[PDB]
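Down below is the structure, laid out as structure tokens.
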There are 2 protein chains.
Amino acid sequence: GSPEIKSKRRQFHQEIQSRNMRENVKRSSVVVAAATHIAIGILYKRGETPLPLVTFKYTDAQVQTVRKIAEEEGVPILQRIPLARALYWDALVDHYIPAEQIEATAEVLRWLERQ
Amino acid sequence: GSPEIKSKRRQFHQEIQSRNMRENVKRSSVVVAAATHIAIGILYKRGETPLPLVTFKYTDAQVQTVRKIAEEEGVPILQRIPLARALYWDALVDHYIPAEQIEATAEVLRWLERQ
């Protein structure tokens, strides 16, 4: 895949998703955020997901609502600006994380295990 | 305005816009892009617009379509990754550019005047 086809895949898999925001937050393990700009959902369940999965991407004021819902549902949210940005631009929703984001995502999930 | 209200304003002014992509490209002076990721429209007309105005923001595969339409309509497109990103995150559509982007936007418009 060319960068162009990657961009088509990203847009398509965003558009085909049929989940509301609460459902997306609730099914996530953790939210990686850049406050007021980005929220990315990550799902990782040992022996279910072979790798962390990106569940959602929201932006701007939607991040406020994600924070409100995450608090209600007991999903932790962490400020990781570079990871949030990289996943925003490069990840495909409902797919495993890109290789380049493995190290940073594992660091978040070690934190999550401690939480 | 707090960063939170800025994010609400960005999202609102995006949602209230009622223009299609061709109309947005056609009314722009130049498109600032990060290929396969971002396209931002800029309008600047001396004595009409006191400052450059952000006309649109598109992402992912939509950038391909913006490039196709820009070619048809004679609107130049320039790769400026840092400016495209900064406008993506911080600018309000249908408003003048943020102060921090004045220098980089003026550089693009000097180029445009030469074109």
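Chain A is the first sequence line, chain B the second, and so forth, proteins listed ahead of strands; every chain is numbered from 1. Both backbone and side-chain heavy atoms feed into the values below; hydrogens, waters and symmetry mates do not.
- For B:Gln101 against B:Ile97, the heavy-atom pair with the smallest separation is O-CD1, 3.9 Å.
- Between the side chain of B:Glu73 and the backbone N or O of B:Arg22 there is no donor-acceptor pair closer than 3.5 Å.
- Note that CD of A:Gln62 and OG1 of A:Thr59 are 5.0 Å apart. Values are rounded to the nearest 0.5 Å.
- Counting only heavy atoms from C-beta outward, the side chains of A:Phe56 and A:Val66 approach each other to under 4.5 Å.
- For the pair A:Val30 and A:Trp111, the minimum side-chain heavy-atom distance is below 4.5 Å.
- Nearest heavy atom pair, residue A:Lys6 against residue A:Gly1, reads CE-O, 3.8 Å.
- Applying the ring pair (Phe, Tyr, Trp, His ring centres under 6.0 Å) definition to pairs two or more places apart or across chains, those involving residues 1-32 of chain B are B:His13-B:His95.
- The side-chain contact (heavy atoms from CB on, under 4.5 Å) with A:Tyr58 is formed by just one residue from the set A:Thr65, A:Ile38, A:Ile40, A:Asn24; it is A:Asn24.
- The closest donor-acceptor contact from the side chain of B:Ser29 to the backbone of B:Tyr44 lies under 3.5 Å.
- Here the CD1 atom belonging to A:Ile42 is positioned 12.5 Å from the OH atom belonging to A:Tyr96, to the nearest 0.5 angstrom.
- When all heavy atoms are compared, the tightest approach of B:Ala91 to B:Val54 is CB-CG2, 3.8 Å.
- Nearest approach of A:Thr36 to B:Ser7, heavy atoms of both residues: O-CB, 3.4 Å.
- For the salt bridge (charged side-chain N to carboxylate O under 4.0 Å, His left out) with B:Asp94, the qualifying choice from B:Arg27, B:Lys57, B:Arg19, B:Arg10 is B:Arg27, the only one to do so.
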Show which side-chain atoms of residues 75-90 of chain A pair as donor or acceptor with protein atoms under 3.5 Å away, not counting sequence neighbours.
unit_1  : atom_1 : unit_2  : atom_2 : d
A:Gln79 : OE1    : A:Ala35 : N      : 2.9
A:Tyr88 : OH     : B:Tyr88 : OH     : 2.5

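- No side-chain heavy atom of B:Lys26 sits under 4.5 Å from any side-chain heavy atom of B:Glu23.
- When atom types are taken as modelled, the side chain of B:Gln17 and the backbone of B:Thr55 share a donor-acceptor pair closer than 3.5 angstrom.
- The minimum heavy-atom distance between A:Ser28 and A:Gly41, with the atom names listed, is OG-CA, 4.0 Å.
- Within 6.0 Å of CD in A:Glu100 there are 12 or fewer heavy atoms belonging to other residues, nucleotides or ligands.
- Summarising the geometry, atom CG belonging to B:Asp60 is positioned 7.5 Å from atom NE2 belonging to B:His37; distances are rounded to the nearest 0.5 Å.
- Interatomic distance, B:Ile102 CD1 to B:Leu51 CG, rounded to the nearest 0.5 Å: 6.0 Å.
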